[PDB]
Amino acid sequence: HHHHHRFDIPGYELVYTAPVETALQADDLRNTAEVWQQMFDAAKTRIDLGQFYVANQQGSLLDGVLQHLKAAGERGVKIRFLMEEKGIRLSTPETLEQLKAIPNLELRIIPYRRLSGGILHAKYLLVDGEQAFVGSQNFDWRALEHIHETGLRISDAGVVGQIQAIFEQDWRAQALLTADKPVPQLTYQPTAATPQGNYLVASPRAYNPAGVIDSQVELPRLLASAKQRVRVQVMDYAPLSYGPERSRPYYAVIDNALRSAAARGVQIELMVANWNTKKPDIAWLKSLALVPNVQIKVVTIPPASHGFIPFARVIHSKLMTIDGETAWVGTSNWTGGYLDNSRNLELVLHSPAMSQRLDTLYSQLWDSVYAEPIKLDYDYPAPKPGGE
């Protein structure tokens, strides 16, 4: 059993990268780079990628990923790569040129703010309309090596079809925006039946194809249904949006649901990155730590031995388990901007098997030397994710 090197439930495989040089390895989960390479190798017709940005360093694991993507293009696979305009400033320009040089690849840059005010933040892949990948992993060499990252390879046809429809929607929207043509909003047509089983949730509502569950509705519904324990891991948690003139207006949707669950006696566990201990966010995090039944830990991943790496050595997985029975694996941090006005994707799996494996992964981090309880009395130094 022990030497089985992957974890699946029907329709879903759990895919995981631990930072190198940490006690966070999971030999039973396939890692991001190996899964992406195999997904590209299996492509016979189409590969679609929706990404926030593209960042590379010569000699990284992303080089192999890009090699397999290029080989797919050379094989005659049509590749459509959609990236957020705000991601350009985060991207490696040479890597963007390499992508454009792949045969049969079209690269489109979408300013998703012209649609809903936020960004294309989702990180996902589609192969032949048959398989998808959704996860925290950016198209970034650091996501493959230096960051705690979690995603799902999806073969559930219904869900893949919805992700494909979202990609098609945003691809065509990019072309309409380029021509200064209107992008019509999509009618909100929710199914009256309560969601069951395994399903996609997505944002923003206004550009969700028919029948795609609005994540901003579903996350509070899921939290309202919790009876015993909610465990959450994000990079960032804040009841705040990023507004004009650097303002940070209050954002209540998620925080109300967590506080409501806590008030019903549900135990809340929350893990965030040390990057989240910046001001003002740390004050609100301390505020949440005083709520009954809430425990918060801050996770610090140590630097890699060869030296400081900007915007790396951090936890990035966006995970939730409810009652050890329901699992959430998403692209969104839990602040304003993600579920309301940005393109994000989250998977909800009412799967005891997946929830148990995710709870083991969560406990591994929670119980590690990298996680420590929030300290109410401590003046957290400004994180310097970029350095110094």
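Heads up: residue numbers just count along the shown sequence, starting at 1.
Of the two segments, 268-276 and 305-313, the one listed with the higher mean B-factor is 305-313 (C-alpha atoms only). Checked against the record, the higher mean CA B factor of 11-19 and 373-381 lies with 373-381. Sorting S225, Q162, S260, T194 by the CA temperature factor given in the entry leaves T194 at the top. The residue among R153, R221, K78, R231 whose C-alpha carries the highest B-factor in the deposited model is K78.
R248 sits in the highest third of its chain by CA B factor, as recorded in the PDB entry. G87 sits in the lowest third of its chain by CA B factor, as recorded in the PDB entry. In the PDB entry, a CA B factor belonging to the middle third of its chain's modelled residues is recorded for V65. In this PDB entry, the Cα temperature factor of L186 sits in the top third of its chain's modelled residues, the highest group.
In this PDB entry, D128 carries a Cα temperature factor that places it within the highest third of its chain's modelled residues.
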